[PDB]
Structure formats: structure tokens, C-alpha cells
Amino acid sequence: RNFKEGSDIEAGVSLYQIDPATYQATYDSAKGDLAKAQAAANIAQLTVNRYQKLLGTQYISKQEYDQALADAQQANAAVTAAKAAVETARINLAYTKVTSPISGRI
Amino acid sequence: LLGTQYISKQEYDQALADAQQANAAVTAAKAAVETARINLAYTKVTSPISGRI
Amino acid sequence: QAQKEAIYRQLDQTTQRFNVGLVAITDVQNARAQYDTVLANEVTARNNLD
């Protein structure tokens, strides 16, 4: 219990502590996939970036470059997905606790 | 393999890709493992504080 | 002649891969080698041409 009982507190200043142990890794689980999310997507990024240089050049095969650029498009979307996963977790981790957005006598 | 340019930097990119994310999956795992184990830690109830029971 | 036009552009793009790293030199040397044989091929024709 972080606060001083009966004192007055600002908003969102977290004076209690849940055990993060469960969630704390839980946040990490998303933080893991996000990396996995960015990872697989990052490589896609490089893939298109390379191919893009191919653009106008021979092998590009506008379809295929598009295939990766999708993968770019596709992967990064997953990137956005995991980022929230991290986000949902974080807001579920640093969620704890303080406090009633109101800032007042506790 | 890249020591003498025997692969595709693209390729090596892909290899590192999973190797990057793989461990992340691992991270997804160890995070997972601790989770239940933590619960198994919850089982075997710990006195959250000290004092006369 | 068109063979070179074809086979060169290939070799031409192949380096572009090695330029993008999308190939190694093995692709390249052979590709280059792959090309050069074309050159070897054609001249004889002109030779034969004459």
C-alpha cells in the first residue's frame, strides 16, 4: 500500500501493487509475439525493399513483388496486431493500480 | 555461410527472421511456463505477509 | 544474337540480384559463365557466317 491513508493523492498514481507475476509474464507473452510479429514482418519489409529495387528490373514480375509487398502489407498488419497485444497486456500490467482517475483524499 | 557470399543476404535475412522470432516464441513460452508454475506457486499458498496465523 | 539478348539480360539481372544479394556469386560466376558461353557460341556463327 503505497499511499498515506487519509492523505490526498493525484490521479493514476499507483499506491497499491497487485502481484505482477502472472500478468507481468503475460505482458511479455505479447511482447514475445510482437517481436515475432515484427520479426517475420521486418524480414518481409527487407524482402519488398530489395524487390522494390528490382522494380522495373527483370525478375520482379509485378505480381511477385506485389506478393511480398502484400507480405509487407500483410505482415505489418500482424505487427499492429501484436503491438496491441503488448498494449492490452501492458494496460493490464501497469494497469495496477492507482487509481480512480480522480485525485483526492484517500 | 555469408563469410564468402554463399547464400542470399535475403536468405540469411529469412534465417535470422525465425531465429529472431523463434526465441520470441520461446519468450512466449517461458512467459507461459512461469504462468502455470506461478499458479503452482499459487498452489502451495504462501502467506502474503508474516505474523501469527 | 537473341540468345545473348536473352542470356545476357538474365546475367544482367542476376548481378542485380547479387547487387541485391538475392544471388550469391556462384549464381553470378556461372551466370556470367552461363553468359560467356553465349558469346562463345555467337562468334562462331559469325565465323560460320563468314
# chains A, B, ... in the order shown; residues from 1 in each chain; ligands from 1

call {"tool": "interface_residues", "arguments": {"of": "chain A", "to": "chain B", "cutoff": "8 Å", "atoms": "only C-alpha atoms", "output": "PDB file with C-alpha atoms, in the first residue's frame"}}
result
ATOM      1  CA  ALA A  21       3.947 -12.223 -11.603  1.00  0.00           C
ATOM      2  CA  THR A  22       1.112 -13.702 -13.617  1.00  0.00           C
ATOM      3  CA  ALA A  25       4.924 -12.521 -17.975  1.00  0.00           C
ATOM      4  CA  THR A  26       1.528 -12.193 -19.634  1.00  0.00           C
ATOM      5  CA  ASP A  28       5.769 -10.472 -22.007  1.00  0.00           C
ATOM      6  CA  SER A  29       3.894 -13.168 -23.912  1.00  0.00           C
ATOM      7  CA  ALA A  30       2.547 -10.456 -26.179  1.00  0.00           C
ATOM      8  CA  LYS A  31       5.916  -8.721 -26.104  1.00  0.00           C
ATOM      9  CA  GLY A  32       7.292 -12.017 -27.353  1.00  0.00           C
ATOM     10  CA  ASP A  33       4.884 -12.340 -30.257  1.00  0.00           C
ATOM     11  CA  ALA A  35       8.939  -9.375 -31.646  1.00  0.00           C
ATOM     12  CA  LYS A  36       7.912 -12.476 -33.554  1.00  0.00           C
ATOM     13  CA  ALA A  37       5.374 -10.182 -35.198  1.00  0.00           C
ATOM     14  CA  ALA A  39      10.482 -10.222 -36.903  1.00  0.00           C
ATOM     15  CA  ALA A  40       8.553 -12.067 -39.589  1.00  0.00           C
ATOM     16  CA  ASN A  42      10.630  -6.940 -40.705  1.00  0.00           C
ATOM     17  CA  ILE A  43      12.094  -9.578 -42.986  1.00  0.00           C
ATOM     18  CA  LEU A  46      13.529  -6.119 -46.308  1.00  0.00           C
ATOM     19  CA  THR A  47      12.140  -8.522 -48.876  1.00  0.00           C
TER      20      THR A  47
END

call {"tool": "residues_around", "arguments": {"residues": "residue 29 (chain C)", "least_positions_apart": "2", "cutoff": "12 Å", "atoms": "only C-alpha atoms", "output": "CSV table (one decimal) with C-alpha atoms, in the first residue's frame"}}
result
chain,number,residue,atom,x,y,z
B,6,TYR,CA,27.4,-18.3,-50.5
C,11,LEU,CA,23.1,-12.5,-66.4
C,12,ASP,CA,22.3,-8.8,-66.4
C,14,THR,CA,21.5,-12.0,-62.0
C,15,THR,CA,24.1,-9.4,-60.9
C,18,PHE,CA,23.9,-10.2,-56.3
C,23,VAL,CA,22.1,-14.3,-55.6
C,24,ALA,CA,25.5,-15.3,-54.5
C,25,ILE,CA,28.4,-15.1,-56.9
C,26,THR,CA,28.1,-18.8,-57.7
C,27,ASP,CA,24.9,-17.9,-59.4
C,31,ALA,CA,25.5,-16.9,-64.7
C,32,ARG,CA,28.4,-14.8,-66.0
C,33,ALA,CA,29.9,-18.1,-67.2
C,34,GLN,CA,26.5,-19.1,-68.4
C,35,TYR,CA,26.5,-15.9,-70.4
C,36,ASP,CA,30.1,-16.0,-71.7
C,37,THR,CA,29.4,-19.4,-73.4

call {"tool": "residues_around", "arguments": {"residues": "region 50-55 of chain A", "least_positions_apart": "5", "cutoff": "9 Å", "atoms": "only C-alpha atoms", "output": "NGL selection string"}}
result
(:A and (45 or 60-62 or 64-65 or 68-69)) or (:B and (10)) or (:C and (13 or 16-17 or 20-22))

call {"tool": "residues_around", "arguments": {"residues": "residue 95 (chain A)", "least_positions_apart": "6", "cutoff": "12 Å", "atoms": "only C-alpha atoms", "output": "list in words"}}
result
residues 12, 13, 14, 15, 16, 17, 18, 19, 20, 23, 24, 27, 87, 88, 89 and 101 of chain A

call {"tool": "closest_residue", "arguments": {"among": "B:45, B:40, B:53, B:7", "to": "chain C", "atoms": "only C-alpha atoms"}}
result
B:7

call {"tool": "decode", "arguments": {"residues": "region 24-38 of chain C", "atoms": "N, CA and C atoms", "output": "compact mmCIF listing (two decimals), in the first residue's frame"}}
result
# COMPACT_ATOMS: atom_id res chain seq x y z
N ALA C 24 24.08 -15.39 -54.77
CA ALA C 24 25.49 -15.34 -54.48
C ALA C 24 26.26 -15.23 -55.79
N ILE C 25 27.59 -15.14 -55.68
CA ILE C 25 28.41 -15.11 -56.89
C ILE C 25 28.34 -16.42 -57.65
N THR C 26 28.18 -17.55 -56.96
CA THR C 26 28.07 -18.82 -57.66
C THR C 26 27.01 -18.74 -58.74
N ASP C 27 25.79 -18.36 -58.37
CA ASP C 27 24.85 -17.93 -59.39
C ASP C 27 25.51 -16.97 -60.36
N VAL C 28 26.31 -16.05 -59.84
CA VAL C 28 26.86 -14.98 -60.65
C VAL C 28 27.91 -15.53 -61.61
N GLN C 29 29.00 -16.06 -61.06
CA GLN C 29 30.04 -16.59 -61.92
C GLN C 29 29.47 -17.52 -62.97
N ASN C 30 28.75 -18.56 -62.55
CA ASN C 30 28.10 -19.41 -63.53
C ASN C 30 27.22 -18.59 -64.45
N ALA C 31 26.32 -17.79 -63.88
CA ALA C 31 25.52 -16.91 -64.72
C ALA C 31 26.40 -16.13 -65.68
N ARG C 32 27.39 -15.41 -65.16
CA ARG C 32 28.40 -14.83 -66.04
C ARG C 32 28.98 -15.88 -66.97
N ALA C 33 29.52 -16.96 -66.40
CA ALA C 33 29.95 -18.08 -67.21
C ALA C 33 28.84 -18.53 -68.14
N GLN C 34 27.66 -18.79 -67.58
CA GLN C 34 26.50 -19.08 -68.40
C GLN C 34 26.41 -18.11 -69.56
N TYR C 35 26.54 -16.82 -69.29
CA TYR C 35 26.52 -15.86 -70.37
C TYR C 35 27.67 -16.09 -71.34
N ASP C 36 28.90 -16.06 -70.84
CA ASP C 36 30.05 -16.03 -71.73
C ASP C 36 29.97 -17.11 -72.80
N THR C 37 29.61 -18.33 -72.42
CA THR C 37 29.39 -19.38 -73.40
C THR C 37 28.53 -18.89 -74.55
N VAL C 38 27.48 -18.13 -74.24
CA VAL C 38 26.71 -17.49 -75.30
C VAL C 38 27.65 -16.75 -76.24
